[PDB]
Ligand SMILES: [Hg+2]
Ligand SMILES: [Zn+2]
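In the deposited numbering, the protein residues as written are 3 to 125, 127 to 261.
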């Protein structure tokens with residue numbers, strides 16, 4: 003009865019083991035674009051990924067994580083709503099069984115086919132584990148995916164998925180450049196929220212880019228061939244691994260653009 007995304011163990015059940023699921027700053031949320039407010043106080047977003055060192059890709063039973071060396075400032079996020087420097091630790095995606103769903107955040111109730119999360123921790128707390136004990140511990144850059152033309156910079160990810168089909172499998176994944184997953188514009192919305200998987204901790208400054216990236220149908224179809232289950236167990240496709248929008252609870256979403 004471990005948490006997951008099935009009928010028996012999915013988001014509507016998480017509150018039993020993780021009561022913060024009903025907390026005051028849970029994620030994701032619907033971004034109501036007209037009630038967001040442009041904030042001219044928002045310092046410029048600096049995404050500095052030139053020196054990133056990817057290491058490994060892991061099927062963790064709920065998504066796949068591309069992991070980075072976070073022992074030095076090598077891939078960092080600064081500016082915008084953030085104070086100081088946040089280091090990239092991993093990215094992963096959420097996606098649907100169908101192109102019409104899969105994102106966690108929505109925009110005026112519109113669901114995208116998938117959503118990329120680049121997860122960063124605030125260097127003032129020393130490592131990720133200490134950072135998730137803090138209200139300003141994490142910054143997540145969220146990027147929507149729509150189905151259209153292929154994203155060349157995603158193909159190395161797509162191709163390695165065959166080697167991490169099942170829960171617990173990992174593979175070397177060096178020399179991957181996350182700059183190839185960014186849209187042209189860094190216009191964004193920001194609000195305070197939480198992890199979107201258990202333990203659902205309320206540590207996150209969310210930075211959700213307005214411009215989606217386009218990926219091809221063939222690319223997202225490969226995501227949908229992954230398995231939630233381990234090797235040798237009956238196949239349960241890793242699809243619909245998204246938490247739906249949660250109550251905003253009077254939080255204000257800020258826009259970086261007028
Ligand atoms: Hg998991
Ligand atoms: Zn995520």
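Think of the CB as a built atom: it goes at the ideal place given N, C-alpha and C, for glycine as much as any other residue.
On a Cα-Cα basis, can you pick out the residue from the options that is closest to residue i?
| i | options | result |
| --- | --- | --- |
| residue 137 | 190, 204 and 200 | 204 |
| residue 192 | 258, 129, 154 and 147 | 258 |
| residue 222 | 201, 127, 5 and 149 | 149 |
| residue 219 | 173, 156 and 167 | 156 |
| residue 208 | 200, 130, 123 and 16 | 123 |
| residue 140 | 41, 132 and 243 | 132 |
| residue 100 | 242, 56, 171 and 251 | 242 |
| residue 119 | 178, 78 and 93 | 93 |
Just the C-alpha distance for residue i and residue j, rounded to the nearest angstrom, thanks.
| i | j | result |
| --- | --- | --- |
| residue 51 | residue 143 | 14 Å |
| residue 323 | residue 3 | In the structure displayed, the chain extends from 3 to 261; residue 323 sits before or after that span and is not available. |
| residue 96 | residue 116 | 5 Å |
| residue 108 | residue 18 | 25 Å |
| residue 249 | residue 31 | 5 Å |
| residue 188 | residue 215 | 9 Å |
| residue 14 | residue 5 | 10 Å |
| residue 175 | residue 253 | 43 Å |
| residue 59 | residue 185 | 19 Å |
| residue 232 | residue 42 | 47 Å |
| residue 45 | residue 183 | 24 Å |
| residue 54 | residue 74 | 10 Å |
| residue 71 | residue 87 | 15 Å |
| residue 63 | residue 234 | 11 Å |
Starting from residue i, trace the alpha helix (DSSP H) in both directions and tell me its first and last residue.
| i | result |
| --- | --- |
| residue 134 | 131-134 |
| residue 15 | First-last for residue 15: undefined, no H or E at that position. |
| residue 159 | 158-163 |
If I follow the unbroken beta strand (DSSP E) through residue i, where does it start and stop?
| i | result |
| --- | --- |
| residue 57 | 56-61 |
| residue 219 | From DSSP, residue 219 is part of no beta strand (DSSP E); its letter is neither H nor E. |
| residue 209 | 207-212 |
| residue 149 | 141-150 |
| residue 121 | 116-124 |
| residue 103 | Unbroken run through residue 103: none, as it is neither H nor E. |
Can we count residue i as close to ligand 3, meaning its CB is less than 6 Å from some heavy atom?
| i | result |
| --- | --- |
| residue 239 | Absence of ligand 3 from the depicted structure is noted, with ligand 1 and ligand 2 being the only ligands included. |
Exercise answer, beta-carbon shell around ligand 1 heavy atoms below 6 Å: Spelled out in chain order, the answer is 62, 63 and 64.
Those residues, in chain order, that have a beta-carbon closer than 6 Å to some heavy atom of ligand 2: With 6 Å as the limit, the residues whose C-beta approaches a heavy atom of ligand 2 more closely than that are 94, 96, 119 and 199, in chain order.
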